[PDB]
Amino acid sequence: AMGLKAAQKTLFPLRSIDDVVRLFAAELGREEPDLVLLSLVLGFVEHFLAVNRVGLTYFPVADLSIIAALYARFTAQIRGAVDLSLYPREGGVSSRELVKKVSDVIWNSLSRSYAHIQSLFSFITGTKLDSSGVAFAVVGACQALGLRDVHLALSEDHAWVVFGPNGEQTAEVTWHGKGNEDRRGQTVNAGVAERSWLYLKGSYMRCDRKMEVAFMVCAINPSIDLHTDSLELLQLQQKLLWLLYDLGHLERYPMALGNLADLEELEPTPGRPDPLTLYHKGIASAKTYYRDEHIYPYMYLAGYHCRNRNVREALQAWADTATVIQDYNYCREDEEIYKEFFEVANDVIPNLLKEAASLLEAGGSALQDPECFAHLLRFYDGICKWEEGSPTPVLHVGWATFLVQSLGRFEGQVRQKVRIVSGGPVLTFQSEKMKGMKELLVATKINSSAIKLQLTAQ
């Protein structure tokens, strides 16, 4: 809420990972965990840990005087720029004018030219924030002002704020991508209606205060450089996510559950569910609360199967990913999920199949399994169907080169044992393009040129 309390101050100084966890455990018992206090603590700790060092053990001590001074600076800056008497508050509901004023206060503070700039620590000490950091700063600013209805909203690649009753009102508060036109102040209604992945068809997350704590924990970046992660930051993020898990605050947060599964893959915690249980809990959350319209729950699971060389389930999970994305329209600012499908289609899957081909060279493999070929076809069907109704095209000559190569990783005998139905394993296509070349996909010899122009047709 507002003002540091003795119950928080007695927990200082923070001298270890477990000290930070204990501060978070106390704040998560409050009805209103202090977003400014917790973000400053995480940003401080991350700032001094995300460096290569000499010294086996090291923890940067979060002295209260330092944290409380930064907290006072944030609060003074917000209370001194936002006069609440000029904005009437009709029974708890903040107005769009007030919410936009706070957004502008944050925005106008940013440095005008410029990793680890996600926290309020970075905001106060260096006037820098990344994109979703701005939207978090706005929610923390509003909590500092008493606006109990202003909350963070998150898709899988963007953030904004919701407010009013039940989060009825939406407002853009930050940028997305690089060269895009500013939409700050506007509603996200256009984004929902265009059926872009960026806005999730309205199936995005609306946080309570405690899901906002989960966000900032997920936002911890342990990366030191391109080769090195901070183990202390990974262990801190992992323990915080278990604390959140235990209190039920990940129940509606699929990406956090995927993140925790990844951390348990890296370093299993004794007595806790295994990664596969956690990946599927993430998928179950997305089905339960978000109409099964999220991509990353299946990308998380696919990556795990891929790393463990469960080729069939990896291709299964990647097809599920395509089955979700087929109902979207590829818009301009959807590039992050495009790059992911590109990498899966034209790098990861070829490598998986090429490794599988080498294994047959010297010995029940997936290249002799028709199910895996079915998964591969459902994956490409979803991406073709995704392209339908989309403004800009998805597939091009490069996709066709690796589709051809991937189909040719299966013996024509093996591919022939899959039944393809239009709109042994049986599979039903949904896209015009895949239906159009259904014949080419089962011939003992693959007309590469023919498939290439059909997959690239208008």
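Each residue number is its position in the shown sequence, starting from 1.
The stretch of deposited sequence separating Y114 from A115 contains 4 to 9 residues lacking coordinates in this entry. According to the entry, the deposited sequence has 10 or more residues without coordinates between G423 and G424.
Checked against the record, the higher mean CA B factor of 26-34 and 42-50 lies with 26-34.
Taking the mean C-alpha B-factor of each stretch as recorded, 446-454 and 17-25 are not equal, and the higher mean is that of 446-454. Of the residues listed, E293, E156, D130, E90, the entry assigns the biggest Cα temperature factor to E90.
The residue among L353, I124, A286, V162 whose C-alpha carries the highest B-factor in the deposited model is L353.
Ranked within its chain, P370 lands in the highest third, by CA B factor from the PDB record. Ranked by C-alpha B-factor against the other modelled residues of its chain, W386 falls in the highest third.
Sort the modelled residues of the chain by CA B factor and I66 lands in the lowest third. Residue-level temperature factors show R252 in the lowest third of its chain, judged at the C-alpha atom. In the PDB entry, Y328 places in the middle third of its chain by CA B-factor.
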